[PDB]
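Chemist: Got a sequence here, can you model it:
(2 chains, ligands or ions: 2)
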Amino acid sequence: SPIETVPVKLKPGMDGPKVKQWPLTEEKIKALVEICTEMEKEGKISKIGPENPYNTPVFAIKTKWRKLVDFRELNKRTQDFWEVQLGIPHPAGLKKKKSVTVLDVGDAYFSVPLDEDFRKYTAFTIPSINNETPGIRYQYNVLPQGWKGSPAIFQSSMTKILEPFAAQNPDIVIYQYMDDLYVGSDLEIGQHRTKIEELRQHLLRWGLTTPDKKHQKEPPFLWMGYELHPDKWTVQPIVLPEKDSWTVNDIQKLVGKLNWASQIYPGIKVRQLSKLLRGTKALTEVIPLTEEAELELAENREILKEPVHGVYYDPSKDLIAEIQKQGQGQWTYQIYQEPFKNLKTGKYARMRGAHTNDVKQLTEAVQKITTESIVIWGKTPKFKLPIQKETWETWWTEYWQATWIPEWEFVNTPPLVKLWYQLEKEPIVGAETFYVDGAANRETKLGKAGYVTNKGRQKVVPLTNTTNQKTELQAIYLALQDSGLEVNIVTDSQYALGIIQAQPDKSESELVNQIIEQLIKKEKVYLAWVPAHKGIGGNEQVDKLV
Amino acid sequence: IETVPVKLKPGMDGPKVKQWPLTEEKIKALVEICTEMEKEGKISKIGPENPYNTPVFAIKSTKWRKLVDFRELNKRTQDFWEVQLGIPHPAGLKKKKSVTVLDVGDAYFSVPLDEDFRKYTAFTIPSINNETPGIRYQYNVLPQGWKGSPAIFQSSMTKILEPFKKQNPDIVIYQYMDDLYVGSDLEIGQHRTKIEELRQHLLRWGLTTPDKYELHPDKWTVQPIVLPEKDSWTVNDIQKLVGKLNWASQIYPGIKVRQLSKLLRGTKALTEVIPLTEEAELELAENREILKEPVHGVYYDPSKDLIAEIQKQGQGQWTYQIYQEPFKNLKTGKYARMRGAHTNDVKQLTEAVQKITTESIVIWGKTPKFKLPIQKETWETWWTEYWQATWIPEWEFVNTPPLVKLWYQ
Ligand SMILES: N#Cc1ccc2c(Oc3ccccc3OCCn3ccc(=O)[nH]c3=O)cc(F)cc2c1
Ligand SMILES: [Mg+2]
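Modeler: Numbering: from 1, shown residues only, chains lettered A, B, ... in the order given. Ligands and ions are numbered 1, 2, ... in the order given. Provided below are the atomic coordinates:
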């Protein structure tokens, strides 16, 4: 009540809400006047004599009716505020305290006074006697529920009411979150209970009620989908439904639960389950689950059968993070400080790059984990990674991008990250030289792929249902098939040269996978490029053939 | 101390950028720096009724400076503060035999900022793990990194500098935000003594400068492309040469290549040697003579902001081109510096970007938007670790540049 108000404007040019009242049923009108006389006696609202042009509607709903006040037309018109704390603390980032209590602030918004000049814009009206008589005219003296400014003004008002108490108690830790205060301390019990009663009295002096020690929440705390325990944290228990049929809505809910669990349960995989969502977004469209998807789901149920817990942060200990590969471009990791307990866990996936590579994906995962470490603890982990120094050094030296590689050390746990093949940097003396080309018709969608070599060999292969780029990859696949373990290849396609000079380990296109196999098998492969249709020689004859 | 009113371009709200997560060390440096600035009056804490936010960073030489990213507030003010309080850009600064840069941002911190405008300079010091909503400030004086600060101060600056200009007519002095470029054709010792003269003159009038770093824009601008000059050429070398000339031909009108193409008449093996014809040298030498000239008809366009592309070359080298339209380069060059115990791809890239931006400022008075070859989130994490300029270029992150890596070195 004595709290300093936060000044509040209307948006420029805009003026306050004038909205006609809807008719109200007889049972609701008296039930509203009943709440209003009590809110007035408490000073939260006040009657007005209509020199005030504004009005907004008032609904009622329910052994105790509650009052509702639609405020969209006013929230449309008031100024923006500082955005109200997006996100929440991660329990892996909390530090243990010998005592923790949770105070619910009751009537939170109605305890903080509204700015005076702005109050006139919250006027509302109760119709009386079937619109035969004028109704009462109230207006708010405190933050309305559902007003656009209430959460942020209450946040800063609370932060200002806590200032003297934090100043007098440097060692006590307070977390704000909406209606709640979370107080932790290393005081011996009883001294902590005394400090909690001190803070409660200080809060009540500013007009903020809080639960009695008989009503304060008991550990473990059920908070935002976590179980917060005195010495460990975990997610609240996950339930995966068993259904005879699955809509896109159900697969969304399931993928969400599985991602949520993945922060503490290691090894959860989401690739095949989410490939089901790649199609049209119609929410009710029933989709059969695929074989690999139900295998993934059962393998997830296997990990979720056994409960798992995480530990809280200790600043004195080093921050270690370890990464393991799984199938189809999936990676899992643990952030930990101690050998048998994790701070948290997680996953990463290649997220729709058409062709990728194990070292690139491992680097992107280290990037994701570095960003998570900075967010959650304000530092970056020491890394333990399944890759040798020569492998990563060779990749980051050949690679066209710049890249930061943090301090890391080898962990010889298979699968290992390796370079599966290397193109030669210079042409191979003594190795056959294929000139290759491929061409297709964009309308009829049939094409040809072929090659011509310096030994004198020539070949052409028909193709149905193909595209002009797919044929040029097919021509290279042909030269790889028909050569010895050392082969020079000369293509006229920028696209194929880009796909293959990236040295992918994997692709969503089966033809590129079939090329990758041949590249791992061949001992040496030099790939060269020349412009098409320039009569270069070699390429001229291959282009004539196709 | 009467504030200059500051108005935004019509229909334009204030900046509302998100503030990056920062490590605990950098948050502590920002908290100390701001705790001091608040009691010097330069900044003040603000309430929930201020919605705007601008990003803040901490950089380093052995102590932490704060660095505000005013790019969004600059787009929404200075573009109407270039048409109104714009700073003309001399064309002689690109020609002087030497150019030194001097930091003079401290001068802004006396001058009050317009009372109605301060809300738009709000910034947030993050908490770790969202423990708290951040510490929340706004500026009460002209902020460094805002492009309105030099524009408001420029009358005082041209006044303070005028007697030194009358003493030394041939020196060139240009101001881009916090920095003062000073160019002379003097011998390097005379140039540095004149720079110290300007430093002492600036001190007598109450402008401190940090030092207690020269450019040479006789740069040989936009270097010609070079063909390899091998003693003997195989089919592979001729193929790479013909493809490189063919890419050049979409830039240089007169390239001829047919008598190099007939030189590979057969379906030869890649490593077979081929003698060059008396006809084929007519291609090679003449394409070299035509490759050793500037492109005709390439002019700088004020209406269109500059673009800069970079390509990693290996061995610590980086090629770059500043251009406004494709294949119409206004400048190209190569950055190269390495120390094995002190260099990596991001350090080299950030140093190259600062060097290119400095060249761009000396030449045209505005900065390019980079097309950086790096993962987005990697750069967003690590770029501050080697940043040193008070200004920040615009940038985006570009997919693969294929095979041109050989074509630009
Ligand atoms: N309902 C509820 C709720 C409850 C508590 C929350 C919370 O306690 C803390 C407040 C201040 C310092 C540390 C804190 O927690 C450390 C972890 N922790 C938790 C419980 C326990 O018994 N012991 C223990 O070590 C922090 C928080 F971020 C959210 C909280 C939410
Ligand atoms: Mg072709």
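
Chemist: Residue B:108 contacts residue B:140, correct?
Modeler: No: counting by Cβ atoms under 8 Å, residue B:140 is not a contact partner of residue B:108; they are 11.8 Å apart. All C-beta spots, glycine's among them, are computed from the backbone N, C-alpha and C.

Chemist: neighbour-wise, which of the two wins?
Modeler: residue B:108 (23 against 19; other Cβ atoms under 10 Å in any protein chain shown).

Chemist: Please name the residues that touch the more buried one.
Modeler: B:141-144, B:149-150, B:153, B:178 (Cβ atoms under 8 Å, 6 or more residues apart in numbering or on different chains).

Chemist: Please flag which of those sit within strands.
Modeler: Using DSSP state E to define strands, no part of these is located there.

Chemist: neighbours around whatever residue of the stretch 301-409 of chain B ends up closest to chain A, how many?
Modeler: Scanning the stretch 301-409 of chain B for the residue nearest chain A gives residue B:345, at 3.6 Å (criterion: Cβ to the nearest Cβ). Using other Cβ under 10 Å, residue B:345 is surrounded by 21 other residues.

Chemist: now swap in residue B:327 and tell me
Modeler: The burial count for residue B:327: 13, using other Cβ under 10 Å.

Chemist: Make sure it is actually in contact with residue B:251.
Modeler: Yes: counting by Cβ under 8 Å, residue B:251 is a contact partner of residue B:327 at 5.0 Å.

Chemist: Can you pull the residues that touch both of these two?
Modeler: Joint contacts of residue B:327 and residue B:251 (Cβ under 8 Å, 6+ apart) do not exist.

Chemist: For ligand 2, give me its nearest residue in the stretch 301-450 of chain A.
Modeler: Here the residue of the stretch 301-450 of chain A nearest ligand 2 is residue A:437; by Cβ to the ion that distance is 4.4 Å.

Chemist: For chain B, which residue occupies the most central location?
Modeler: residue B:357 (1.5 Å; Cα atoms, centre = their mean).

Chemist: Pull out the buried residues from stretch A:227-245.
Modeler: A:227-228, A:232-235 (16 or more other Cβ atoms under 10 Å in any protein chain shown).

Chemist: one step back: any idea what the residue of the stretch 301-450 of chain A closest to ligand 2 is bridged to?
Modeler: Here residue A:437 sits in beta bridges with residue A:450, as judged by DSSP bridges.

Chemist: Is the residue nearest to the centre of chain B part of a helix or strand, or is it coil?
Modeler: helix (DSSP: H, G, I helix; E, B strand; the rest coil).

Chemist: Residue A:393 falls within a helix, correct?
Modeler: Yes: assessed by three-state DSSP, residue A:393 belongs to a helix.

Chemist: Can you report how many residues lie near it?
Modeler: The burial count for residue A:393: 12, using other Cβ under 10 Å.

Chemist: Just the CA atoms from stretch A:409-416 would do, formatted as CSV, please.
Modeler: Extracted in CSV, the C-alpha atoms of stretch A:409-416 (Å, rounded to 0.1, in the frame of the first residue of the first chain):
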residue,chain,number,x,y,z
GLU,A,409,41.3,-34.6,-24.3
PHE,A,410,40.9,-37.9,-25.9
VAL,A,411,38.6,-40.6,-24.5
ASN,A,412,39.1,-43.9,-26.1
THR,A,413,35.5,-45.1,-25.8
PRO,A,414,34.1,-46.4,-29.2
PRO,A,415,32.5,-45.5,-31.5
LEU,A,416,35.4,-43.2,-32.3
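
Chemist: who's in contact with it?
Modeler: A:322, A:324-325, A:383-389.

Chemist: give me that answer again for 7 Å
Modeler: A:322, A:325, A:384-386, A:388 (Cβ atoms under 7 Å, 6 or more residues apart in numbering or on different chains).

Chemist: Show me how to select, in PyMOL, the buried members of the residues you listed.
Modeler: Selection of buried members from these for PyMOL, criterion 16+ other Cβ under 10 Å:
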select buried, chain A and resi 322+325+384+385+386
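
Chemist: which of the contacts of stretch A:409-416 are close to chain B?
Modeler: Subset of the contacts of stretch A:409-416 in contact with chain B: empty, counting by Cβ under 7 Å from any Cβ of the partner chain.

Chemist: can you redo the contacts of stretch A:409-416 as a markdown table with secondary structure and distance to residue A:9?
Modeler: Shown next, in a markdown table, are these (DSSP: H, G, I helix; E, B strand; the rest coil; distance: Cβ to Cβ, whole Å):
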| residue | secondary structure | distance to residue A:9 |
| --- | --- | --- |
| A:322 | strand | 52 |
| A:325 | strand | 55 |
| A:384 | strand | 54 |
| A:385 | strand | 54 |
| A:386 | coil | 57 |
| A:388 | coil | 62 |
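
Chemist: what number of residues lie near the closest residue to residue A:394 other than its chain neighbours?
Modeler: Distances taken as Cβ to Cβ, 6 or more residues apart in numbering or on different chains place residue A:419 nearest to residue A:394, at 6.3 Å, with adjacent residues excluded. Around residue A:419 there are 18 other residues, counting by other Cβ under 10 Å.

Chemist: Pretty sure residue A:248 sits against residue A:280.
Modeler: No: in this structure, residue A:248 is not within contact of residue A:280 by Cβ atoms under 7 Å, at 8.4 Å.

Chemist: Who has more neighbours out of the two?
Modeler: Set residue A:248 next to residue A:280 and count neighbours by other Cβ under 10 Å: residue A:248 wins out with 18 against 8.

Chemist: Next up, the contacts around that one.
Modeler: A:277, A:281-283, A:285, A:287.

Chemist: between those, which is closest to residue A:52?
Modeler: residue A:283 (45.2 Å; Cβ to Cβ).

Chemist: Next, the residue in chain B positioned nearest to ligand 2: secondary structure please.
Modeler: In chain B, the residue found nearest to ligand 2 is residue B:243; the distance is 13.8 Å by Cβ to the ion. Per three-state DSSP, the secondary structure class of residue B:243 is helix.

Chemist: same thing with the one 10 residues further on?
Modeler: Following three-state DSSP, residue B:253 is assigned to coil.

Chemist: which one of the contacts of stretch A:409-416 is nearest residue A:98?
Modeler: Proximity of these to residue A:98 (Cβ to Cβ) peaks at residue A:322, which lies at 30.5 Å.

Chemist: Identify the residue spatially nearest to the closest one, adjacent ones excluded.
Modeler: residue A:384 (4.4 Å).

Chemist: Quick check, that neighbour in contact with residue A:320.
Modeler: Yes: with contacts counted by Cβ under 7 Å, residue A:384 reaches residue A:320, the gap being 6.3 Å.

Chemist: Now do the contacts for the residue of the stretch 301-450 of chain A closest to ligand 2.
Modeler: Residue A:437 neighbours (Cβ under 7 Å, 6+ apart): A:450, A:475, A:492, A:539, A:542-543, A:546.

Chemist: Would you mind checking these for buried ones?
Modeler: So, by 16+ other Cβ under 10 Å, the buried ones in the contacts of residue A:437 are A:450, A:475, A:492, A:539, A:542-543, A:546.

Chemist: Please flag which of the residues you listed sit within helices.
Modeler: Using DSSP state H, the members of those that fall within helices are A:475, A:539, A:542-543.

Chemist: What's the biggest helix in chain A, counting residues?
Modeler: Per DSSP H, chain A has its longest helix at helix A:358-377.

Chemist: Which strand or helix spans residue A:182?
Modeler: For residue A:182, the host element (DSSP states H and E) is strand A:180-185.

Chemist: and what of residue B:189?
Modeler: Going by DSSP H and E, residue B:189 is part of helix B:188-204.

Chemist: For the contacts of residue A:248, give me TSV that also has neighbour count.
Modeler: As requested, those are exported to TSV (neighbours: other Cβ atoms under 10 Å in any protein chain shown):
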residue	neighbour count
A:277	13
A:281	8
A:282	10
A:283	9
A:285	12
A:287	16
